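Protein chains in written order, with PDB author numbering: chain C, 825 to 837, 852 to 872; chain B, 537 to 584. Below: one structure, written as C-alpha cells.
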Ligand SMILES: *[C@@H]1O[C@H](CO)[C@@H](O[C@@H]2O[C@H](CO)[C@@H](O)[C@H](O)[C@H]2NC(C)=O)[C@H](O)[C@H]1NC(C)=O
Ligand SMILES: *[C@@H]1O[C@H](CO)[C@@H](O)[C@H](O)[C@H]1NC(C)=O
C-alpha cells in the first residue's frame, strides 16, 4: 500500500539529484521483519 | 562518456546517451519534474 514519490533515478546501487544523496537504513526490511 | 558539453548555448557536464524520448519538431531540449535539463537535441543531427 505504501508507495514512493521520490522523483529521481533508481538503480541497484538524477541518481543523486544535484548533489543530494539518499542513504539506506542500517536495518533492511528483511531484518526488521526478523 | 563523462564529458563537458555546450549544445547551442546550453552548457553542462554529464554522460550523453541515445534517448528514447520523442521531441516535437521545434523542441531543442527537455527538463524533468524539477526543471533540470535531462535531454538535448543535437543541433547538427537532430538526434535526441
Ligand atoms: C549539416 O547538417 C546535416 C543534417 O542536419 C548533416 O547531414 C547529414 O550528415 C551525416 C554525417 O555527415 C550524413 O551521414 C547524413 O547523410 C547527412 N544527411 C543528409 C540529408 O545529407 C550535414 O552533414 C551537416 N554538415 C556539416 C558540414 O556538418
Ligand atoms: C554493476 O554494473 C554491472 C555492469 O555490467 C552490472 O552487471 C551489475 O549487475 C551492476 N551491479 C550493481 C549492484 O548495480
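Cβ atoms here follow ideal geometry from the backbone N, Cα and C, with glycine treated the same way.
- Message: Please determine whether the Cβ atom of residue 853/C lies at a distance below 6 Å from any heavy atom of ligand 2.
- Response: Taken from the Cβ of residue 853/C, every heavy atom of ligand 2 lies 6 Å or farther away.
- Cα-Cα separation between residue 854/C and residue 860/C, rounded to whole angstroms: Each residue's Cα considered, the two are about 7 Å apart.
- Message: Is residue 580/B near ligand 4 - that is, is its Cβ less than 6 Å away from at least one heavy atom of it?
- Response: Although ligand 4 was asked about, the structure shown includes only ligand 1 and ligand 2 as ligands.
- Distance, residue 567/B Cα to residue 871/C Cα: For residue 871/C and residue 567/B, the distance between alpha carbons rounds to 39 Å.
- So, is the C-beta of residue 829/C closer than 7 Å to a C-beta in chain B? Between residue 829/C and chain B, the shortest Cβ-Cβ separation is not below 7 Å.
- Task: Give a single yes or no on whether residue 836/C has its beta carbon closer than 6 Å to a heavy atom of ligand 2.
- Result: Correct: residue 836/C has its Cβ closer than 6 Å to ligand 2.
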